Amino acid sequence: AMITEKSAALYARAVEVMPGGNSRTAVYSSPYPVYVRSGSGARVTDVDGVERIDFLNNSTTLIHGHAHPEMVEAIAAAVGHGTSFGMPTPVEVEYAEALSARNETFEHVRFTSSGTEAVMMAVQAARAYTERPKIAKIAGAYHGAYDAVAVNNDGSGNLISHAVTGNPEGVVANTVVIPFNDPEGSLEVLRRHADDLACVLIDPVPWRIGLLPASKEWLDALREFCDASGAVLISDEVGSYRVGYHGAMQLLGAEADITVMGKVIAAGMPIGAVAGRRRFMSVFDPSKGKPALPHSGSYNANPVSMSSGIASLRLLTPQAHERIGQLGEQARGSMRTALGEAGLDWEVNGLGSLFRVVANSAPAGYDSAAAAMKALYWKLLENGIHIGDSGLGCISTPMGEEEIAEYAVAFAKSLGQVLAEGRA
């Protein structure tokens, strides 16, 4: 039934001017991805004119969905006064005040143009503060393309160093890898490197290794180790921040030294933030002579991203947070029911407005769990739903009971078609 002629035609143009017609690896699909032209509320219209409900929302960025009227007003008005300046603006101060208010530990903030930049500057801040070379990160957790964190970032639980082709030993040797939610196995690695560890970089709810939350026991172990060793505890919440009204660490009963944020904090415009205790952030302070850590960037704190941020945080009320959490719980419950009725051993993980279908046993006619999940992704597209091709989805504030109910129908239908085609 699904017509993708206009997507095919865009891809044929794209391959002439981009590598494999791609500018962002995560959005590529074989033989070509669906191209989209517009979004309104919870829905996206593709270039072939097909409207679908968006349950991934630019990889969980769009907490307020597409072209939220209050977001559009704030952003378009900011654009009309100037997109960026070589001078600070009132809105950077207002937005820093708004974000600092969200958690006790967000005492001092700096803005970047991406979570990728923000993770990089948080790592650089820990290295400048401690004057130690090594970082520890979770086996399998993704933190963007910065070479120090683009190590064991592929969802593998293995601790053996595995990096991108060309990432030198000089980088890779200074990133050590700990097992998620294994306190004893983590402390073994951390104690070995204690003298040389600038930071322990975690995601409290990492997507790529199943969207399971960090245990109280594991977070307590890392907090105690960082306190004892002087290593900086960095919580990368670029994705996971949204699980809690005060972020992921606070929800799970822990305190970071530095938190990395992005995505939902501006809900669609380019943003990252480094937010931490004054002493850790003091490496950036240029007011008492040259800073220990210079940090510039043409779009840092640009008033369009700052205005997007102010509007996003204003719309992210405790009531809106609670409501998308309830819709997330309902969505996860309905998916577990549908998977059970279909006879699959697949799990549904997630907190609040986040979920992930984690494919376990490959059904008949699929070479892998991952191939079965890709087939479900394509069947959901055919049945009017966007999710992630490895099972990630999320609730947006424009959604109500009706969108969740429609998702549940499309999910059950799509499972049936995936299984039937595997046996065909």
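Each residue number is its position in the shown sequence, starting from 1.
The PDB entry records a higher mean C-alpha B factor for 127-135 than for its counterpart among 127-135 and 258-266.
Remark: stretch with higher mean C-alpha B factor among 287-295 and 146-154 is 287-295. Highest CA B-factor among the listed residues (86, 253, 272, 303): 253.
Take 27, 394, 371, 67 and read off each C-alpha B-factor from the entry; 371 has the highest.
Among all modelled residues in its chain, residue 200 ranks in the middle third by Cα B-factor. In this PDB entry, residue 106 carries a Cα temperature factor that places it within the middle third of its chain's modelled residues.
For residue 61, the recorded CA B-factor ranks within the lowest third of the chain. Only modelled residues enter the ranking. Per the deposited record, the Cα B-factor of residue 228 falls in the highest third when ranked against the other modelled residues of its chain. Residue 389: CA B factor lies in the highest third for its chain, per the PDB record.
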